[PDB]
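Count the sequence shown with my numbering and you get residues 152 to 1047, in order.
No residue lacks a Cβ here, since even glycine has one placed at the ideal position from N, Cα and C.
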Amino acid sequence: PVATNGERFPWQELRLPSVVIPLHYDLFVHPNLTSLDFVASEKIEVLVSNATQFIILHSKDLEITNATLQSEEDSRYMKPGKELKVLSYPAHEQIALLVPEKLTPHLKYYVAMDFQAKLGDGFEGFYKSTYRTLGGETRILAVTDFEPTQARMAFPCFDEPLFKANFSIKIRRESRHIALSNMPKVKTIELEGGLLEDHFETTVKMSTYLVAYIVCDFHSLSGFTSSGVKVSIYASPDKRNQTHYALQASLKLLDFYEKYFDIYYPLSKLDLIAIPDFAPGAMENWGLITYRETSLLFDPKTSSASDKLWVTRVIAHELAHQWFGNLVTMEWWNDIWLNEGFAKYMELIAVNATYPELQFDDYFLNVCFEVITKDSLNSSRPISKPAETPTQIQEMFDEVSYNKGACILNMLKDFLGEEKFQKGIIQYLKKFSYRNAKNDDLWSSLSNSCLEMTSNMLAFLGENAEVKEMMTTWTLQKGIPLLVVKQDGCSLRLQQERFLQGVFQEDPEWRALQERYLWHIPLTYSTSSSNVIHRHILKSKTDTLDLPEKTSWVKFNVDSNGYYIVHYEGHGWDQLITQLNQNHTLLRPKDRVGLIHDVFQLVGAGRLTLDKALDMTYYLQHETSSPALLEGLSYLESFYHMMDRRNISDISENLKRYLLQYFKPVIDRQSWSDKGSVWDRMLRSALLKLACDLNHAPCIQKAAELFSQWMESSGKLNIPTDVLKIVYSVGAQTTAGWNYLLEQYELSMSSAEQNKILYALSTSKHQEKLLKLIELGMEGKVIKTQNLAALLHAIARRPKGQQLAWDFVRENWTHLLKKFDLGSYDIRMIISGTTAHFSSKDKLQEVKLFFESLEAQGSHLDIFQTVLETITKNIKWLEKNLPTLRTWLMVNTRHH
Ligand SMILES: COc1ccc(C[C@@H](C(=O)NO)n2cc(CNS(=O)(=O)c3ccc(-c4ccccn4)s3)nn2)cc1
Ligand code: NA
Ligand SMILES: [Zn+2]
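Rendered as structure tokens:
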């Protein structure tokens, strides 16, 4: 309605008009890494579908100087063309190009624009990044990051994922720099002044948010896949030795993704570059995937086995995105899960297929449990929810769109079989190649999948209808269902419910939270007598089944492959617990993990008492399966840290004693080395970290001895990676070791070692030392600002830093909003990581007042409600179960 120069804007909708459709961008960028600014020009080929007097596109923080319109099909706009009037509307981040004469439909025009801006200083758009060399030199590079709505900060464009087009990129650079982009380099021309100009191959049809171009001086290692794709791993020169595994894994993973999807990677080259200053974990720019140094680089001397697993995960995630994201892109950000959820799920398939030795199949259950934590609350959301403003679009990248989408995909695969599910995937990818799809399109392609007139045809059409109907309820409804199972000789009564955390069965608002929710749950169950898996689809609120066997216990949801919680009435829980204590080996390992998880969730839900869960944790002395052991230990360790965060010293000390005593044999048999399998090493790390956290004398002595030897040798003696973080943390307890660790941090060349050292420094007791770490992170010179969100979290969870971090966030909010966006993942993680652990009425009131203060200033986020409800959850869990824990621990002291 208005503009910066007055006058009216010929558009209101924050969505661009569908009239002018782009076809081809000609993008020339001239960045100057000395003045830290860039000048650029573009020529967009547009197709006019309806007669209009104006074109609307996106532009943000770009000074536009020249704007012309040419046409080869409309003679009125012949060469050299006419000038266009530019109107700016920053409220919607749009600009309007006013044309002198109405354009003709079904024709093609060319929009040329010259613009310029400074290199950004944050994490978005075309921004500047620095790295440190081995000798101490500091170098500068320029990198792009556009997802979701930041491509408009680099060049004016139709910045929506539906407006796919081709891209011809040209970059002007000095001789000391190289230029990378999406496509390979076709030609380099030498300029008069001595500069160089790189011309890149034209890109295929793709959305704007995947455009990338980098000017740097990195070194790379190259390799070729089976299908001839040139994979190159780029990184800072002094770090080239850290890229070997990243190349090996990318090659293998790319070959698998081609074989599995039956579609070749279409570009001739694929580049993986490790950016020093990078906010997200990685970004899937087509042919130029940018990574954090901790997500791509692997150094055997300082990287643990878990680091190897994370690097493999992120490479598999980003490579899978090349199909689920670049090849087939969503229609709009409301269905963001169509990209992210699939990629998260494809991690499991790809890693487990290519690196089964990493045993990521056992770890996948955590992905679902993390969302169950947030889905059992009223403040959750459906996987497909509309979004409009850029902040809302950024908020769509949450655990819902990622993990929940991945988990229901795994549930649907278990229901349909791997062959049928794979065929549906291949049909979906081949059908929507180089275009966009939506939620309904995916479910149609997945249900109407052909493995490898008749009654088989009628059952095939009925079952495809069934599948589509089933998944529609899983994507359009929030929450997670709870299955109540009641046994009766041969009868089995099944009830479905909306599982709620911290809202019991009789609470006055529990019936107002059971409104219209109903799920088509594909139940699977096995019995104590027959190992045969039984399948049944629950389509109503209540149902009954019959199994002629009359057995002891019935275990529903085999391997927890279904997105639901099971509850057993009567003697069901007692039968299962007795089964575990006698011979846990009769139940499947994933069944044990699901049982432990579900038991503790129901204890919070009010369907079970805490002593029941604590009595189940008795069999953990007989457990050998690492996942189940680590699950129970994590619950007990969470209980200890929940007590220690408060001043409850008696319960905390009793929990420490029980953990050190009941789990002494497993702790003592652990070595201080990097030997064994992946889960063997991860079990060692977790157990030794737990023991050293509880001030166990042998752990502390061994860690102090290792740290003393390492410091006296000055890096010459080697600490095992699996124990590296533990040793450094213990060493940081002394001012001498603390300062030495900070100095080694500044001088280190391994990002993994730096991450371990930073954690170690955060485990200090002195208030001034933690505050200095926070201030260093804010400054961004020694400790990079990209680590701030993580650092604050590590400090706030500990008792000494809880109030310090909370005070810092409340006081320096305005300074934080200058470094990150409101909807950015960093701000969301800062708020949650400093507030969600609170479990008192006073802290809940403080957080409520803080969020209200953030309101009325223009800042609103969904994480506000989620944090509040979680703090409320914690308060209710304490008041309802605190004396029970006390009594159980005291009873254990007397039971011997
Ligand atoms: C497993 O390895 C991973 C996991 C996630 C990612 C994120 C990445 C992506 O997945 N791209 O496809 N991404 C999203 C955006 C834009 N939105 S953002 O608000 O700025 C935001 C940034 C990070 C988020 C996040 C991180 C962890 C969990 C949930 N969310 S959310 N840019 N890059 C990369 C690799
Ligand atoms: Na994506
Ligand atoms: Zn992703």
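Who are the near neighbours of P251 in its chain, counting only those whose CB is closer than 7 angstroms to its CB and skipping five residues on each side? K233, listed in sequence order.
Cα-Cα separation between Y228 and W964, rounded to whole angstroms: So the two alpha carbons sit approximately 52 angstroms from each other.
Are the beta-carbon atoms belonging to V522 and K555 less than 7 angstroms from one another? Going by beta carbons, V522 and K555 fall inside the 7 angstroms limit.
Using DSSP's beta-bridge definition, name the partner residues of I544. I544 is not bridged to any residue.
What would DSSP say about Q656, mapped onto helix, strand or coil? Here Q656 sits in coil by DSSP.
Cβ atoms of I982 and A940: under 7 angstroms apart, would you say? Against a cut-off of 7 angstroms, the Cβ pair of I982 and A940 comes out as no contact.
Three-way DSSP call (helix, strand, coil) for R1037 in this model: It is helical.
As assigned by DSSP and simplified to three states, the class of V744: When secondary structure is reduced to three states using DSSP, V744 falls in the helix class.
Which residue from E435, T540 and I414 puts its Cα closest to that of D422? When only C-alpha atoms are compared, the closest one is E435.
Sorted by chain position, which residues of the same chain lie with C-beta nearer than 7 angstroms to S777's C-beta, five sequence neighbours on each side aside? Answer for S777: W830 and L834, listed in chain order.
Spatial neighbours of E298 within its chain, please: C-beta separation below 7 angstroms, excluding the five flanking residues on both sides. Same-chain partners within the cutoff: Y360 and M434.
Within a Cβ cutoff of 7 angstroms, which residues of the same chain sit near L580, ignoring the five residues on either side of it in sequence? So the list reads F412, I414, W474, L478 and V479, once near-sequence residues are dropped.
Under the three-state reduction of DSSP, which class applies to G713: helix, strand or coil? Correct three-state label for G713: coil.
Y585 to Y261 span [Cα, whole Å]: When rounded, the separation of the alpha-carbon atoms in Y585 and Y261 is 23 angstroms.
Is any non-hydrogen atom of ligand 3 found closer than 6 angstroms to the C-beta of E214, if you look at the structure I gave you? Not under cutoff, so the answer is no.
So does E491 have its beta carbon nearer than 6 angstroms to some heavy atom of ligand 3? At least one heavy atom of ligand 3 is nearer than 6 angstroms to the Cβ of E491, so yes.
Using a Cβ-based criterion (distance less than 6 angstroms to any ligand heavy atom), does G476 qualify as near ligand 2? Checking the Cβ of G476 against ligand 2 gives yes.
Which residues in the same chain have their Cβ closer than 7 angstroms to the Cβ of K582, if we skip the five residues on either side of it in sequence? Once the five neighbours on either side are set aside, the close Cβ partners of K582 are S596.
Could you check where the beta strand (DSSP E) with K459 kicks off and where it finishes? First-last for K459: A456 to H472, but that is the alpha helix (DSSP H), not the beta strand (DSSP E).
Just to confirm, is the Cβ distance from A430 to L448 under 7 angstroms? Contact flag unset, no.
Distance cut-off 6 angstroms: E435 Cβ against heavy atoms of ligand 1: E435 Cβ: within cutoff of ligand 1.
Where do the ends of the beta strand (DSSP E) carrying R290 lie? First-last of the beta strand (DSSP E) with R290: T289 to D296.
By Cβ distance, which residues of its chain are closer than 6 angstroms to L418, with the 5 residues on each side in sequence left out? So the list reads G438, once near-sequence residues are dropped.
Taking Cβ positions, are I534 and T675 nearer each other than 7 angstroms? The criterion of a C-beta distance shorter than 7 angstroms is not satisfied by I534 and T675.
What is the DSSP secondary structure of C519, reduced to helix, strand or coil? Helix, per DSSP.
How big is the Cα-Cα spacing for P673 and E997? C-alpha separation (whole angstroms): 43 angstroms.
What do you get for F375, buried or exposed, if any count of 16 or more other CB atoms within 10 angstroms of its CB means buried? Its Cβ having fewer than 16 others within 10 Å, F375 is exposed.
Distance between beta carbons of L892 and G882, contact taken as under 8 angstroms: Confirmed, Cβ separation roughly 6 angstroms.
Nearest by alpha-carbon distance to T453: which of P871, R532, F318 and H243 is it? Minimum Cα distance to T453 is reached at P871.
Quick check on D697: does DSSP put it in helix, strand or coil? It is a strand residue.
How big is the Cα-Cα spacing for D486 and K589? If you take the alpha carbons of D486 and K589, they lie about 7 angstroms apart.
Mind checking who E341 pairs with in its DSSP beta bridge? DSSP, once it has assigned bridges, lists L347 as partnering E341.
Where does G613 sit, in a helix, a strand or coil, going by DSSP? Helix, per DSSP.
Under a three-way DSSP split, which group does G374 fall into? DSSP places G374 in strand when its eight states are reduced to three.
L664 classed as buried or exposed, judged by whether at least 16 other C-beta atoms fall within 10 angstroms: Under the 10 Å beta carbon count, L664 is surrounded by fewer than 16 other beta carbons and is classified as exposed.
Which listed residue (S239, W670, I291 and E469) has its alpha carbon closest to that of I631: The residue with the shortest Cα to Cα distance from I631 is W670.
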